[PDB]
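Each answer follows from the model by the rule given with it, or from the source it names; these are not laboratory values. All Cβ positions, even for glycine, are placed from backbone atoms using ideal geometry, and neighbour counts span all protein chains on display.
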Amino acid sequence: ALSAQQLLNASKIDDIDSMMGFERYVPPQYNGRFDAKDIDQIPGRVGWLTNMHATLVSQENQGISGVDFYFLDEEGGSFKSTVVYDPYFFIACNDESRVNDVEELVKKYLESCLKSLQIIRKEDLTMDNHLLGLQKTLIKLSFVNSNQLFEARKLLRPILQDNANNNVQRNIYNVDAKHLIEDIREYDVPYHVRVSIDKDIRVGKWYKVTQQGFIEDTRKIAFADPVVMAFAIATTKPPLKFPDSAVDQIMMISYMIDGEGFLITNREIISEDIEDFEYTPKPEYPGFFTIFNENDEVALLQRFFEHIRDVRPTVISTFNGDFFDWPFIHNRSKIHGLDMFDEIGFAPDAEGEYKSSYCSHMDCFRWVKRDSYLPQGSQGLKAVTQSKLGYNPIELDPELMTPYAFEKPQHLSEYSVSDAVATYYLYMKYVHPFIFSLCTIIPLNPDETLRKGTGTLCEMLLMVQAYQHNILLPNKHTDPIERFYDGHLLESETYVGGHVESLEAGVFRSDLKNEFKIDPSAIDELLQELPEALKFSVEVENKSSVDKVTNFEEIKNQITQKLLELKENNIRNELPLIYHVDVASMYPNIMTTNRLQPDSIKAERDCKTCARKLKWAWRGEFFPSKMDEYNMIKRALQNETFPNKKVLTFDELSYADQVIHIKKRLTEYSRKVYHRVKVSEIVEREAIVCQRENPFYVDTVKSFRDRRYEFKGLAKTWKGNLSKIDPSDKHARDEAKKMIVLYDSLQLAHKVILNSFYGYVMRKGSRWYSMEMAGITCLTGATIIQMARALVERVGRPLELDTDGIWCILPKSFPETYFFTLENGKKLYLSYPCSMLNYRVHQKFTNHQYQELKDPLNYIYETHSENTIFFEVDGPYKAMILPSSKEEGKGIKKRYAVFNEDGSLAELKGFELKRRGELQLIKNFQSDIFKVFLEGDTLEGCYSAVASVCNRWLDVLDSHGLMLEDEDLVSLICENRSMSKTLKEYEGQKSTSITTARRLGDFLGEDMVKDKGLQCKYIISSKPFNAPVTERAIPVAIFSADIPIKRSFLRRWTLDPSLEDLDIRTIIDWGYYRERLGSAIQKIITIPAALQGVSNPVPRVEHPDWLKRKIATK
DNA sequence: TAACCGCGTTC
DNA sequence: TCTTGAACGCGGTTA
Ligand SMILES: Nc1ncnc2c1ncn2[C@H]1C[C@H](O)[C@@H](COP(=O)(O)OP(=O)(O)OP(=O)(O)O)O1
Ligand code: SF4
Ligand SMILES: [Mg+2]
């Protein structure tokens, strides 16, 4: 069957890898001991593992499944070895009495696929008394191949759906072996992952291939060096349109190999014989490119395909090559009669992405999207290169590439080549070390470590831990389709997340005095807690003792001066310090403090201080209908013929689509009757957390957090090295910076995976699901951060607060940073505002019930006090600009701008210029104003220097843009906007992006709006009027097209049949665009100035009504 | 006015 | 088949 067509395919693959140099090496036979202390005398071959692929092999009739491992040896060659391992899953029963009887049933019903049967015990944390050593008995169903495992799984799931569904009734006045199968387990594990876990094999490690298995060579830890190749293509699309594979040609293909770069050209579209040249933006990224000037598109592709075979790459890297680059090559190779699989070994898979067997295809766009921590507006290759590579790649309009093929091709080749050097060094500096080091710990291959969701990565890490501790894997979670509460059907239940608040707004600077009204009782507490808060810092936060200090009383008196000095002067006016307090890896440390894991959340029925009762906050959004109502609409629905995708009944439907209809018909009934559709209620629930459960989950979080803490630490050490270096030595400074951009990206690359251990608990299909633990983690974080704000509020003023961070000001007379001294010829760091917080969270949040198993054989536990929740401080900063809302008594959260002592921009957040695709004028306005919030010498002087830039930008919108040129206009007025889906999935929804897409469709043709993610760049129109903005967006692209279609389309949407004008200035509603500018100046300039006591610096933007009335009263 | 949506941020 | 979470700003429609 498919074993036959699956064993044919391997032949093909087996021959491809041999063509690309991957011999199938079988180790010599060895009748000796499986020694580990010396692997040198055991005969075999050493290799650095570089890929894995599940395959189907034959002896030495149906296939026996296994994994092909691709190696790079130390002699400079390569080989390939295979392991065989029986796929398997388990069966669980109700009655341990009858365990041997159902095994008899399994052997006979699964006769055609079962290979072996076994009775296995595993620890199951679902089970009473499992912490005393009790285990659960399972039946292990091994198989030959994975095609037979699937057959058996399709033979039992019928039984599983009888043992629950019904129960036939016969003799009403009155046990089968089939009803003992409670469930199957570990049935949905992918085969290649099952092998790497059970055999403890990872890509990026060194193994000595031997007859009895792979032996990890603990000696060599450093990676080997593959042969890397990155490439980017250039095409010849039509003007105004994205390239199509059918017609469009292929001008060039640039690529790089192991540090030497190459370029091949198509002379039927080009026009010159480009000569060998150099392009290195920085001396660290060489780019000497030798060009292969070829004639036709076939000579192109045939030289590319032959060069790959001549270099044997183990990794091909691209940039959005799975959605464009590769897929075009295949369609233009088929168009010219070639087989990519037969020539290179690449082909698309079930997900549409391109892969091979010997060569991992690394699409850099997936590391940038997932691990770069860059905003979506910075995920193009240019923004990525400036951010991560430290130079500017050459930009070129897409609508000038194919003309400049004939026009000026020696610059076109520089674009071609710049995209390659960007892609090659981006991969070599960021993608290669991150992904391959991630394969060291995560049991997948490079092209899957690169593409899986971060939640799935966490699932993989937790499975290795569950397997090595002999823990039975829970099945994948399935959400209940119907859930109720007090008689109402619910729309969405959730917990309340973190705590966000904006408190003050405006400008604050390290040289402009501020007013601090201080609570004396607050300092009185700081007075009492002071002796123990310093004993805190030296012990908990530095791992030392006050016995070794030389100056504890010397500094304790030193800082009690500055606090008692303030005890008298409650009201002061001094320069402020701008500081930031944020706890390091909050939610992970909240979890590892409270021993929080999903299996630790028990009930009353799952059970002297082991149970730790913690509180979370449930939030439900339910309909305002009762079940009498709910019952009434189901009867109406039952008398309706529904389509089949000829017409079926309501009960013949799928239950999932039943609720869908019910919800859509309860959608409108509940509204017209019960006045609304969503009613919100939040109840604070309590849950217990066993402090003695198998800590396999929380130990995976602690292990991964510790793995990130080192990178986050090394970055700080190199930050100080950059401080203590002369402001000139080029190499030095550069080197530092280079290292601090790598170690910040790396620690941030671990940041999302680390925090995905908390999100995994709520993920759809999670094996370890529990709404309780995610809610407990958030409310603990909320209560911690609100306790911290209540303290700083009484001694300074916090400006903004989010989840675990607090921006604040404190008077300059407040104690800042001191350093303890030891008799070791060393010193210890202390910043009092951090420690005063950390002492008091270590007094109201430590876990005095943390129990750990300290002798397993006798099942003894021991209690201690664990808490790893520390604040960290960054600063002091020079300035911070916080906007304010256009409504009364309301700031705005999640956006501000801070500035380093240097004047450099430290952090800018939330605003429109960072966001992907807003309107460029607002983006250009914002990238102009925050900089001149640093000029001037008084506050009201600041707001007027910034007002100059505000009025100059208003002059552009007030003068109808007649100062900007007819080409520098269209970009400053553009509004580029992405559409997550395709048009027909938006029917019923009317936005500006919607109509721009439909208008761009019947102009350029339906080929423009085929795939999703399309960029709706448009302008708002003046005509028609007395109408919505929704029905007024004009696709900006028409203005470069042909005049009659210009007038035809524009006249249709303007409702004016006369072609009065064709200029952008004619149709654009300037009153709209100046109102969107007026809102920006209100939020960032004037309203902030008012609340700081400065009259309107830009009186051309008018204060809102409520603030005028508030000004008149004062 | 206020609820509610899509998008893309900040956590 | 594959799949981290919630809170929020802002423009825009809808009730
Ligand atoms: N992608 C995310 N997914 C889930 N939770 C997140 C995410 N980002 C931030 N958070 C949640 C969990 C965080 O611990 C918590 C605080 O975020 P944040 O302070 O920015 O980083 P962090 O506290 O986890 O590490 P650190 O502060 O050292 O950079 O909010
Ligand atoms: S809290 Fe105590 S009684 Fe309850 S399950 Fe855990 S160990 Fe058993
Ligand atoms: Mg934090």
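Using the structure shown, decide if A:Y709 is within 16 Å of DNA strand C (Cβ to nearest atom) and closer than 30 Å to A:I435 by Cα. In short, no.
Residue by residue, here is whether (1) more than 16 Å from ligand 1 (Cβ to nearest atom); (2) of a type in the set (D, E); (3) assigned by CATH to the domain that holds A:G506; (4) within 30 Å of A:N542 (Cα to Cα) holds:
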site	(1), (2), (3), (4)
A:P883	yes, no, yes, no
A:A897	yes, no, yes, no
A:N900	yes, no, yes, yes
A:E918	yes, yes, no, no
A:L921	yes, no, no, no
A:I929	yes, no, no, no
A:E940	yes, yes, no, no
A:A947	yes, no, no, no
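Residues that are closer than 17 Å to A:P474 by Cα and either more than 16 Å from ligand 3 (Cβ to nearest atom) or surrounded by fewer than 20 Cβ atoms within 10 Å (Cβ to Cβ) (or both) within the range A:742-772 comprise A:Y760, A:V761, A:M762, A:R763, A:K764, A:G765, A:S766, A:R767, A:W768, A:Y769, A:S770, A:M771, listed in sequence order. Filter the range A:788-815 down to the residues that are out of contact with any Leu (no Cβ under 9 Å at 6 or more places or on another chain) and under 13 Å from A:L837 (Cβ atoms), then identify the one that is surrounded by the fewest Cβ atoms within 10 Å (Cβ to Cβ). For the range A:788-815, the residue satisfying everything is A:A790.
Of the strands (runs of 3 or more DSSP E) lying entirely inside the range A:811-887, those containing at least 1 residues that are under 33 Å from the mean Cα position of the chain (by Cα) and within 16 Å of ligand 2 (Cβ to nearest atom) span A:847-855.
In the range A:542-574, of all residues being acidic (D, E) and in a helix (DSSP H, G or I), the one that is nearest to A:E901 (Cα to Cα) corresponds to A:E565. Among the residues of the range A:160-189, those that are under 30 Å from A:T449 (Cβ atoms) and surrounded by 15 or more Cβ atoms within 10 Å (Cβ to Cβ) comprise A:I184, A:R185, A:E186, A:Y187, A:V189.
This table checks each residue for (1) over 27 Å from A:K241 (Cβ atoms); (2) in contact with a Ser or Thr (Cβ under 9 Å, 6 or more places away or on another chain).
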{"site": "A:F305", "(1), (2)": "yes, yes"}
{"site": "A:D310", "(1), (2)": "yes, no"}
{"site": "A:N320", "(1), (2)": "no, no"}
{"site": "A:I335", "(1), (2)": "no, yes"}
{"site": "A:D339", "(1), (2)": "yes, yes"}
{"site": "A:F365", "(1), (2)": "no, yes"}
{"site": "A:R370", "(1), (2)": "yes, yes"}
{"site": "A:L389", "(1), (2)": "yes, no"}
{"site": "A:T402", "(1), (2)": "no, yes"}
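The set of residues in the range A:927-950 being surrounded by fewer than 19 Cβ atoms within 10 Å (Cβ to Cβ) and within 36 Å of the chain's Cα centre (by Cα) consists of A:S927, A:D928, A:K931, A:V932, A:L934. Against the conditions (1) within 15 Å of DNA strand C (Cβ to nearest atom); (2) more than 37 Å from the chain's Cα centre (by Cα), where does A:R1032 fall short? Just the number, please. Looking at each condition in turn, A:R1032 falls short on (2). Look at (1) of a type in the set (S, T, Y); (2) away from ligand 3 (no atom under 16 Å from the Cβ); (3) in the same structural domain as A:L462 (by CATH) and you find that A:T777 fails only one, number (2). Assess whether A:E459 counts as being away from ligand 3 (no atom under 16 Å from the Cβ), part of a helix (DSSP H, G or I) and among the charged types (D, E, K, R). Here the answer is yes, as A:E459 does meet what is asked.
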